[PDB]
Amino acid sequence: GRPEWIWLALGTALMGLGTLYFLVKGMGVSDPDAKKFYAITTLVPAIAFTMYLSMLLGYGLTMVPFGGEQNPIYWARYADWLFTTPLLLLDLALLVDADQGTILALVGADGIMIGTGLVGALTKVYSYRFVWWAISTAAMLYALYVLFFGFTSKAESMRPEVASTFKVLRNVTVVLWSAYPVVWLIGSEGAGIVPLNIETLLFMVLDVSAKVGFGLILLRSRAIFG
């Protein structure tokens, strides 16, 4: 009965509900272009639901020694993030007709971000936890820079309704993702200032907003149609 369970349960509920909702709407769609946005966007909270439910049930948690103490670390988050973050980036890229080489660079930076975040979360030398954290943040900032500078440029060649939707979704992405590195720094993985229950609260609000909120904006737009 870990106190954070309540936010793991509410995350499960919300990701499950948004998945079913996106699935129902997406199955009703015949436009093949919108279909592609629904498939990507429905899979995102579906991965997040299975990870939240795993953690809810006691999996995806390990203990890592650092600072003279055994610290609980939820590693299943990175299993979620590894696939959902590039799926999110793809949605953006498809919206703006981004180049293939841009997408590959993006997904790559994304993989580094989550990969180094995870190595950081498991590292037993306290100071080195932060080296990995900084590397992961650096990769993240590359991706935000691409979304904000490169994808907006591409967005400007699209019809205004598409560019407008891109911009809301880009803004939501910049705000939410920029917060994760800060929560990790001050929370359980990092300085141990924010307790595990509050930090789980913070990730759940970030995750739901960034996946269901994101998908609610994309999937209700005219922007996704051929």
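One rule holds for the numbers: they count along the sequence shown, beginning at 1.
Original post:
Got a sec? Mean C-alpha B-factor, which is higher, 158 to 166 or 61 to 69?
Top reply: Taking the mean B-factor of the alpha carbons in each, 61 to 69 is higher.
**OP:** Averaging only over Cα atoms, indicate whether 148 to 156 or 131 to 139 has the higher B-factor in the PDB entry.
**Re:** The entry gives the higher C-alpha B-factor average to 148 to 156.
**OP:** Report the option among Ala98, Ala121, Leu88, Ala79 whose CA atom has the maximum B-factor in the deposited record.
**Re:** Answer for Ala98, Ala121, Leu88, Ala79: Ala98, with the highest C-alpha B-factor.
Subject >> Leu92, C-alpha B-factor rank within chain (lowest, middle or highest third) >> reply: Answer is lowest: the recorded C-alpha B-factor places it there.
**OP:** Would you please rank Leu53 by its C-alpha temperature factor against the other modelled residues of its chain and give the third it falls in: lowest, middle or highest?
**Re:** CA B-factor rank for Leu53: middle third.
Subject >> Entry-reported Cα temperature factor of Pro195, expressed as the chain third it lands in >> reply: Middle third - that is where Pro195 ends up once the chain's C-alpha B-factors are sorted.
**OP:** Could you say whether, by C-alpha temperature factor, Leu20 belongs to the lowest, middle or highest third of its chain?
**Re:** Within its chain, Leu20 is a highest-third residue by C-alpha B-factor, going by the deposited values.
Subject >> Ranked C-alpha temperature factor of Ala179 among modelled chain residues, by third >> reply: Lowest third of the chain for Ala179's C-alpha B-factor.
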